[PDB]
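Shown next, in C-alpha cells, is the structure this report addresses.
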Amino acid sequence: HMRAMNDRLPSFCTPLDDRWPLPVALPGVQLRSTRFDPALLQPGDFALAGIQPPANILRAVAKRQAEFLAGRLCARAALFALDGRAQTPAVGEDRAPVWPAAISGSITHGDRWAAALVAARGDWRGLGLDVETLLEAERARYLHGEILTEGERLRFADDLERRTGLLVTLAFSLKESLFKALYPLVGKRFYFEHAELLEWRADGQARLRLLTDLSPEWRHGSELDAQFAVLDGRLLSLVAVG
Ligand SMILES: CC(C)(COP(=O)(O)OP(=O)(O)OC[C@H]1O[C@@H](n2cnc3c(N)ncnc32)[C@H](O)[C@@H]1OP(=O)(O)O)[C@@H](O)C(=O)NCCC(=O)NCCS
C-alpha cells in the first residue's frame with residue numbers, strides 16, 4: 001500500500017528493533033524499540049512519519065517532542081505487526097494512551113531509548129513496560145526512602161548496601177510497570193508505597209505484591225509476576241496481566 005509506506009522513519013531514530021530484550025517471551029505481544037537522539041529532530045519529522053501530534057506536543061520542548069514521537073513510532077509499528085493497523089494511540093485526558101478497541105499496550109522512553117509493546121486484549125488485559133537509567137549509588141541512597149517500603153528495605157538490606165543502584169532502580173522500574181499495567185484496569189491511582197517487591201533474581205524474574213485494595217479483583221496481597229533486563233546502563237522491566 002503506497003501511502004502507508006510514505007511514513008519512513010525520521011533520521012533521529014534508528015530502525016525500529018523487533019528483537020525481544022527480556023528474558024521470557026510472551027505469546028501474542030509485539031514489541032518495537034528504537035534509539036533516538038533529540039538533537040537530530042527535524043521541524044517536519046511529524047509530517048514525515050505521518051503522526052499527527054496533539055496541541056501539547058506542538059509547542060513542547062525538543063526532548064519531549066522526540067520522546068513522544070519515538071514512542072509513537074514504536075507503537076504504530078508494534079500494532080502494525082500484530083494486526084496490520086498503522087494507527088497511533090491518542091493522548092487521554094488522564095495522560096494515558098488511548099489504545100484501539102481490543103488492544104492493550106504500553107509505551108516507555110528514557111535517555112535515548114524508547115519502546116512500546118501491544119497485544120490483543122483477549123490475550124493480555126494489561127501491559128506495563130518501563131525503562132530507567134541505572135541510578136548511581138548516591139542518588140539511589142537518596143531515593144531509597146521514596147521507592148522502597150520499610151518491608152523492602154529490610155527484605156533487601158544486603159543488596160541495599162552492596163548493589164544499591166541496581167535494587168532501587170529495579171523497584172523503581174517494576175513499580176512503574178505495575179502501575180502502567182493495572183491502571184487501565186482499576187482506574188485508581190496508586191504510588192510507590194502501595195506495592196512491594198518480594199523477590200528478584202539474576203535470571204530476570206521478579207514478583208510484586210499489592211499493599212492496598214485497588215478493585216474487587218486487585219486486592220491487597222494480590223501478586224503479579226514480572227521480568228526485567230539490565231543491559232546498556234539502563235533497566236527495562238515488564239508486567240503483563242493475562
Ligand atoms: C506513568 C508514569 C509511571 C511514567 O513515568 P516515566 O516512567 O518516568 O515515563 P515513561 O516514559 O517511562 O512512560 C511514559 C509513558 O507512560 C504512558 N502513561 C502515562 N500515564 C499512564 C497511565 N496512567 N497508565 C498507563 N500508561 C501511562 C504514556 O504513554 C507516556 O508516554 P507519552 O506521554 O509520551 O505517551 C509516571 O507518569 C507516573 O505516574 N509515576 C507515578 C506512578 C507510580 O510510579 N506508581 C507506582 C505504583 S507501585
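Please note that chains go A, B, ... in the order of the C-alpha cells, that every chain numbers its residues from 1, and that ligands are numbered from 1 in the order shown.
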For this session: Give the residues close to ligand 1, within 8 Å, counting only C-alpha atoms and all ligand atoms; write them as a PyMOL selection string.
Result: chain A and resi 64+67-69+71-72+91+94-97+106-110+128-132+172-184+189-196+210
Exercise. Can you list, as a VMD selection string, every protein, DNA or RNA residue that comes within 10 Å of residue A:207 when you count only C-alpha atoms, leaving out same-chain residues fewer than 5 positions away?
Worked result: chain A and resid 174 196 to 201 223 to 227 239
Exercise. Which residues come within 12 Å of residue A:161, counting only C-alpha atoms, excluding same-chain residues fewer than 3 positions away, as a ChimeraX atom specification?
Worked result: /A:137-138,140-141,144,153-154,156-158,164-168
Go ahead and save the residues from that selection, with N, CA and C atoms, as a PDB file, in the first residue's frame.
```pdb
ATOM      1  N   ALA A 137      24.902   5.075  43.036  1.00  0.00           N
ATOM      2  CA  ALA A 137      24.726   4.685  44.432  1.00  0.00           C
ATOM      3  C   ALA A 137      24.260   5.859  45.285  1.00  0.00           C
ATOM      4  N   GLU A 138      24.860   7.036  45.090  1.00  0.00           N
ATOM      5  CA  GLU A 138      24.486   8.210  45.874  1.00  0.00           C
ATOM      6  C   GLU A 138      23.013   8.555  45.679  1.00  0.00           C
ATOM      7  N   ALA A 140      20.711   6.800  44.522  1.00  0.00           N
ATOM      8  CA  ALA A 140      19.849   5.698  44.937  1.00  0.00           C
ATOM      9  C   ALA A 140      19.651   5.700  46.446  1.00  0.00           C
ATOM     10  N   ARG A 141      20.723   5.948  47.201  1.00  0.00           N
ATOM     11  CA  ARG A 141      20.589   6.100  48.643  1.00  0.00           C
ATOM     12  C   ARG A 141      19.718   7.297  48.994  1.00  0.00           C
ATOM     13  N   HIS A 144      15.949   5.967  48.124  1.00  0.00           N
ATOM     14  CA  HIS A 144      15.523   4.657  48.607  1.00  0.00           C
ATOM     15  C   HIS A 144      14.328   4.757  49.548  1.00  0.00           C
ATOM     16  N   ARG A 153      13.120  -2.450  52.394  1.00  0.00           N
ATOM     17  CA  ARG A 153      14.454  -2.098  52.857  1.00  0.00           C
ATOM     18  C   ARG A 153      15.014  -3.167  53.780  1.00  0.00           C
ATOM     19  N   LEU A 154      14.148  -3.826  54.554  1.00  0.00           N
ATOM     20  CA  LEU A 154      14.583  -4.923  55.409  1.00  0.00           C
ATOM     21  C   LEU A 154      14.798  -6.204  54.610  1.00  0.00           C
ATOM     22  N   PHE A 156      15.554  -6.618  51.484  1.00  0.00           N
ATOM     23  CA  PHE A 156      16.731  -6.488  50.632  1.00  0.00           C
ATOM     24  C   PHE A 156      17.789  -5.598  51.274  1.00  0.00           C
ATOM     25  N   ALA A 157      18.044  -5.792  52.572  1.00  0.00           N
ATOM     26  CA  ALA A 157      19.053  -4.983  53.246  1.00  0.00           C
ATOM     27  C   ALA A 157      20.446  -5.241  52.690  1.00  0.00           C
ATOM     28  N   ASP A 158      20.729  -6.479  52.275  1.00  0.00           N
ATOM     29  CA  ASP A 158      22.051  -6.803  51.748  1.00  0.00           C
ATOM     30  C   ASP A 158      22.331  -6.030  50.464  1.00  0.00           C
ATOM     31  N   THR A 164      23.404  -1.044  45.504  1.00  0.00           N
ATOM     32  CA  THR A 164      22.376  -0.047  45.806  1.00  0.00           C
ATOM     33  C   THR A 164      21.651   0.421  44.550  1.00  0.00           C
ATOM     34  N   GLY A 165      22.406   0.812  43.520  1.00  0.00           N
ATOM     35  CA  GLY A 165      21.782   1.340  42.319  1.00  0.00           C
ATOM     36  C   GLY A 165      20.882   0.333  41.630  1.00  0.00           C
ATOM     37  N   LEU A 166      21.318  -0.927  41.564  1.00  0.00           N
ATOM     38  CA  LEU A 166      20.533  -1.955  40.884  1.00  0.00           C
ATOM     39  C   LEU A 166      19.191  -2.164  41.571  1.00  0.00           C
ATOM     40  N   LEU A 167      19.200  -2.319  42.894  1.00  0.00           N
ATOM     41  CA  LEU A 167      17.962  -2.630  43.602  1.00  0.00           C
ATOM     42  C   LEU A 167      16.959  -1.486  43.508  1.00  0.00           C
ATOM     43  N   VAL A 168      17.388  -0.270  43.714  1.00  0.00           N
ATOM     44  CA  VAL A 168      16.486   0.833  43.711  1.00  0.00           C
ATOM     45  C   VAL A 168      16.006   1.150  42.331  1.00  0.00           C
TER      46      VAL A 168
END
```
Problem set entry | Closest of A:41, A:31, A:60, A:98 to residue A:12 - atom-to-atom distances counting only C-alpha atoms |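 The shortest atom-to-atom distance to residue A:12 comes from A:41.
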Seminar exercise, completed: Min atom-atom distance to residue A:169 from the set A:215, A:52, A:237, A:104, counting only C-alpha atoms, belongs to A:237
For this session: Would you please work out which residue, of A:116, A:86, A:39, A:5, is nearest to residue A:18 when using only C-alpha atoms?
Result: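 Of A:116, A:86, A:39, A:5, the one nearest residue A:18 is A:116, counting only C-alpha atoms.
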Please provide as a short mmCIF file (atom, residue, chain, number, x, y, z; two decimals) with N, CA and C atoms, in the first residue's frame all residues within 8 Å of residue A:125, with the sequence filter that same-chain residues fewer than 6 positions apart are discarded (counting only C-alpha atoms).
```
data_model
loop_
_atom_site.label_atom_id
_atom_site.label_comp_id
_atom_site.auth_asym_id
_atom_site.auth_seq_id
_atom_site.Cartn_x
_atom_site.Cartn_y
_atom_site.Cartn_z
N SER A 104 -4.36 -3.81 24.11
CA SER A 104 -3.68 -3.33 25.30
C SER A 104 -2.19 -3.21 25.00
N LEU A 185 -7.05 -0.94 34.10
CA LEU A 185 -7.98 -1.91 34.66
C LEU A 185 -8.69 -1.39 35.90
N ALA A 240 2.93 -8.06 32.81
CA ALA A 240 1.87 -8.48 31.88
C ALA A 240 0.76 -9.19 32.65
N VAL A 241 -0.48 -8.80 32.38
CA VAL A 241 -1.65 -9.40 33.00
C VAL A 241 -2.40 -10.19 31.94
N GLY A 242 -2.58 -11.49 32.18
CA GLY A 242 -3.30 -12.36 31.27
C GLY A 242 -4.79 -12.10 31.20
#
```
Exercise. Can you list every residue in stretch 93-241 of chain A that DSSP puts in strand (DSSP E or B), as a count of residues only?
Worked result: 54
For this session: Check the smallest atom-to-atom distance from each of A:214, A:148, A:49, A:73 to residue A:114 using only C-alpha atoms, then report the winner.
Result: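 Counting only C-alpha atoms, the residue closest to residue A:114 is A:73.
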For this session: Among the residues of stretch 4-177 of chain A, find those DSSP assigns to helix (DSSP H, G or I) from the backbone and print them as a PyMOL selection string.
Result: chain A and resi 38-40+45-49+55-58+62-83+137-147+150-155+157-162+164-177
For this session: Excluding residue A:10 and residues on its chain fewer than 3 positions from it, collect all residues at most 12 Å away from it, counting only C-alpha atoms, and give them as a PyMOL selection string.
Result: chain A and resi 6-7+13-16+34-38+40-51+66+69-70+73
Only N, CA, C and O atoms, please: the residues just picked out, written as a CSV table (one decimal), in the first residue's frame.
```
chain,number,residue,atom,x,y,z
A,6,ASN,N,4.7,5.9,2.9
A,6,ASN,CA,5.2,7.2,3.0
A,6,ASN,C,5.5,7.7,4.4
A,6,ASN,O,5.8,8.9,4.6
A,7,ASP,N,5.4,6.8,5.3
A,7,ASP,CA,5.7,7.0,6.7
A,7,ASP,C,7.1,6.6,7.1
A,7,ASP,O,7.2,6.0,8.2
A,13,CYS,N,15.8,8.7,14.8
A,13,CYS,CA,15.6,7.3,15.3
A,13,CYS,C,16.4,6.3,14.5
A,13,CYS,O,16.6,6.5,13.3
A,14,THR,N,16.9,5.3,15.1
A,14,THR,CA,17.5,4.1,14.5
A,14,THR,C,16.3,3.2,14.1
A,14,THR,O,15.2,3.4,14.5
A,15,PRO,N,16.5,2.3,13.1
A,15,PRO,CA,15.4,1.5,12.7
A,15,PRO,C,14.8,0.7,13.8
A,15,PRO,O,15.4,0.2,14.7
A,16,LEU,N,13.4,0.6,13.7
A,16,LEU,CA,12.6,0.0,14.8
A,16,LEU,C,13.0,-1.5,15.0
A,16,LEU,O,12.9,-2.3,14.1
A,34,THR,N,13.5,1.6,19.7
A,34,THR,CA,14.4,2.4,18.9
A,34,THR,C,15.4,3.2,19.9
A,34,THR,O,15.0,3.4,21.0
A,35,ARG,N,16.5,3.6,19.3
A,35,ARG,CA,17.4,4.5,20.0
A,35,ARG,C,17.2,5.8,19.3
A,35,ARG,O,17.3,5.9,18.0
A,36,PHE,N,17.0,6.9,20.0
A,36,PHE,CA,16.8,8.2,19.4
A,36,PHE,C,17.7,9.3,20.0
A,36,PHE,O,18.3,9.1,21.1
A,37,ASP,N,17.9,10.3,19.3
A,37,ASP,CA,18.7,11.5,19.7
A,37,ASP,C,17.8,12.7,19.5
A,37,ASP,O,17.6,13.1,18.4
A,38,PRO,N,17.4,13.4,20.6
A,38,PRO,CA,16.5,14.5,20.5
A,38,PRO,C,17.1,15.7,19.7
A,38,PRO,O,16.4,16.6,19.3
A,40,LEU,N,18.8,15.5,16.8
A,40,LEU,CA,18.6,15.3,15.3
A,40,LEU,C,17.2,15.5,14.9
A,40,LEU,O,16.9,15.4,13.7
A,41,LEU,N,16.3,15.8,15.8
A,41,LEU,CA,14.9,16.0,15.4
A,41,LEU,C,14.8,17.2,14.4
A,41,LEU,O,15.4,18.2,14.6
A,42,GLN,N,14.0,17.0,13.4
A,42,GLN,CA,13.8,18.0,12.3
A,42,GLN,C,12.4,18.6,12.5
A,42,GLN,O,11.5,18.0,13.1
A,43,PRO,N,12.2,19.9,12.0
A,43,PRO,CA,10.9,20.6,12.2
A,43,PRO,C,9.8,20.0,11.4
A,43,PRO,O,8.7,20.4,11.5
A,44,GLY,N,10.0,19.0,10.5
A,44,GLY,CA,9.0,18.4,9.8
A,44,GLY,C,8.9,16.9,10.0
A,44,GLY,O,8.2,16.2,9.2
A,45,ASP,N,9.5,16.4,11.0
A,45,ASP,CA,9.6,14.9,11.2
A,45,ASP,C,8.2,14.3,11.5
A,45,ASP,O,7.9,13.2,11.2
A,46,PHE,N,7.3,15.1,12.1
A,46,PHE,CA,5.9,14.6,12.5
A,46,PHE,C,5.1,14.4,11.2
A,46,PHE,O,4.4,13.3,11.1
A,47,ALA,N,5.2,15.3,10.2
A,47,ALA,CA,4.5,15.0,9.0
A,47,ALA,C,5.2,13.9,8.2
A,47,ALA,O,4.5,13.1,7.5
A,48,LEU,N,6.5,13.8,8.3
A,48,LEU,CA,7.3,12.7,7.6
A,48,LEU,C,6.7,11.4,8.1
A,48,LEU,O,6.4,10.5,7.3
A,49,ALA,N,6.7,11.2,9.4
A,49,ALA,CA,6.2,9.9,10.0
A,49,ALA,C,4.7,9.7,9.8
A,49,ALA,O,4.2,8.6,10.0
A,50,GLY,N,3.9,10.8,9.5
A,50,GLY,CA,2.5,10.6,9.4
A,50,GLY,C,1.8,10.5,10.7
A,50,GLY,O,0.7,9.9,10.8
A,51,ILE,N,2.4,11.0,11.8
A,51,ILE,CA,1.8,11.0,13.1
A,51,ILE,C,1.4,12.4,13.4
A,51,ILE,O,2.2,13.3,13.6
A,66,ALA,N,10.8,14.6,20.9
A,66,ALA,CA,11.5,13.4,20.4
A,66,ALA,C,11.0,12.1,21.1
A,66,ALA,O,10.7,11.1,20.5
A,69,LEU,N,7.3,11.3,19.9
A,69,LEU,CA,7.3,10.7,18.6
A,69,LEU,C,7.9,9.4,18.5
A,69,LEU,O,7.4,8.5,17.9
A,70,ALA,N,9.1,9.2,19.0
A,70,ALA,CA,9.8,7.9,19.0
A,70,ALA,C,8.9,6.9,19.6
A,70,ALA,O,8.9,5.7,19.1
A,73,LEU,N,6.2,6.0,17.1
A,73,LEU,CA,6.6,5.2,16.0
A,73,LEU,C,6.7,3.7,16.4
A,73,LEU,O,6.2,2.9,15.7
```
Exercise. In Å, with one decimal, what is the gap from atom CA of residue A:234 to atom CA of residue A:9?
Worked result: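 These two atoms are separated by 24.0 Å.
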Seminar exercise, completed: As a check of understanding: the span from atom CA of residue A:231 to atom CA of residue A:111 is 13.5 Å
Exercise. Between A:122, A:65, A:54, A:17, which one has atoms that come closest to residue A:77, using only C-alpha atoms?
Worked result: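 Nearest candidate to residue A:77 out of A:122, A:65, A:54, A:17: A:17.
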For this session: Mind giving me the straight-line distance from atom CA of residue A:124 to atom CA of residue A:211 in Å, one decimal?
Result: 22.8 Å
Give me the residues within 7 Å of residue A:29 as a PDB file with C-alpha atoms, in the first residue's frame, counting only C-alpha atoms and dropping any in the same chain fewer than 6 places off.
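The resulting result_31.pdb:
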```pdb
ATOM      1  CA  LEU A 117       4.542  -3.191  23.126  1.00  0.00           C
ATOM      2  CA  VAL A 118       0.981  -4.120  22.183  1.00  0.00           C
ATOM      3  CA  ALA A 119      -1.271  -7.155  22.438  1.00  0.00           C
TER       4      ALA A 119
END
```
Exercise. From the set A:230, A:208, A:115, A:134, which residue has the shortest atom-to-atom contact distance to residue A:30, counting only C-alpha atoms?
Worked result: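 Selected residue with least distance to residue A:30: A:115.
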